[PDB]
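Remarks on the structure that follows.
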Amino acid sequence: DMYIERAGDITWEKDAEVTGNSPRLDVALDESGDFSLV
Amino acid sequence: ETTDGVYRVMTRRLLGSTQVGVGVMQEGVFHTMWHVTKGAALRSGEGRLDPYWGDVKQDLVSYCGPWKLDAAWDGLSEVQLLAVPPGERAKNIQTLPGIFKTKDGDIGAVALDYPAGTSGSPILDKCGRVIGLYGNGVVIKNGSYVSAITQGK
Ligand SMILES: N=C(N)N[C@@H]1CCCCNC(=O)[C@H](CCCCN)NC(=O)[C@H](CCCCN)NC(=O)Cc2cccc(c2)CNC(=O)CCCNC1=O
């Protein structure tokens with residue numbers, strides 16, 4: 050049995066840490082919802 | 017509790033309380049990702065949220081009503097991932113998304129690696145709309161993670 054408990058509002062943080070590149074990947078979405086690399 | 021906002025999805029079938037994923041509650045409907053709950057029903061205090069719609073190919077499921085989240089990446093601007101990691105504070109992470117190129121179109125993607133129980137954390141545009149859910153993605157040459165910006169219809 051799973052339960053939910055609240056963790057925050059949904060708002061944009063103007064002081065956020067910025068990180069992460071912007072790659073483009075050729076991918077496939079199989080019948081079970083799993084992305085694979087092409 | 018059905019106040020709009022971000023929620024943790026916990027369980028106790030293993031060692032203690034264990035965060036298996038995250039979700040967003042909007043307009044009375046609870047939106048998470050299918051692999052978090054595998055469709056099973058959830059509890060919120062007294063209540064019980066039962067699944068309403070789901071799709072294993074999209075890796076999405078909504079509870080107590082139809083999918084309500086319809087904002088999309090404009091593409092151009094950066095976005096924030098409101099990561100709710102297990103045992104840890106909700107934290108906003110700004111990034112500029114990349115691209116999953118598929119046969120049916122392109123999807124936004126965030127190159128952000130977080131523990132497995134962060135799945136279902138929302139991704140926001142600069143005006144606050146939820147544009148997708150973190151957690152379904154790929155592993156790259158470098159070994160770390162790239163998640164799609166998964167949105168419903
Ligand atoms: N792995 C990395 N650096 N980061 C991810 C970030 C998870 C963010 C939340 N999202 C998911 O939990 C989803 C659920 C399932 C969707 C299925 N519809 N998982 C995935 O998207 C991918 C899809 C693989 C597609 C292949 N068919 N699976 C994994 O990454 C598991 C994995 C794979 C190789 C090697 C490893 C772990 C070994 N690393 C580790 O143990 C590090 C601790 C765990 N960190 C992770 O799990």
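Line order of the protein sequences matches chains A and B. The first sequence lines up with residues 50 to 87 when you count with the deposited numbering. The second sequence lines up with residues 17 to 169 when you count with the deposited numbering. Yeah, the Cβ is synthetic: ideal placement off N, Cα and C, and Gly gets one too.
Annotation for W50(B): the continuous alpha helix (DSSP H) segment containing it runs 50-53. Between the alpha carbons of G82(A) and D122(B) lies a distance of about 16 Å. Contacts with chain A (Cβ-Cβ distance below 9 Å) from the segment 59-75 of chain B involve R59, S60, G61, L65, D71, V72, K73, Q74, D75, listed in chain order. Distances from the alpha-carbon of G124(B) to those of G37(B), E17(B), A88(B) put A88(B) closest. Closer than 8 Å to the CB of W83(B) there is not a single CB belonging to chain A.
The residues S85, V87, in chain order, have a CB closer than 6 Å to that of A77(A) in the same chain once the five nearest residues on each side in sequence are set aside.
With a cutoff of 8 Å on beta-carbon distance, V22(B) and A106(B) are scored as near each other. For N70(A), the Cβ stays outside the 7 Å cut-off from all heavy atoms of ligand 1. Interface criterion met: the Cβ of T111(B) is under 8 Å from a Cβ in chain A.
Nearest neighbour of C80(B) by Cα position, chosen from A164(B), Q96(B), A99(B), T48(B), turns out to be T48(B). One finds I53, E54, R55, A56 in chain A with Cβ atoms closer than 8 Å to the Cβ of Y23(B), taken in chain order. For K142(B), the chain A residues whose Cβ falls inside 9 Å of its Cβ are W61, in order along the chain. Every beta strand (DSSP E) of 3 residues or more that sits fully in the segment 91-145 of chain B is shown, in chain order, as 95-99, 107-111, 114-117, 122-126, 138-140. For the options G148(B), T53(B), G39(B), the alpha carbon positioned closest to that of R29(B) is the one of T53(B).
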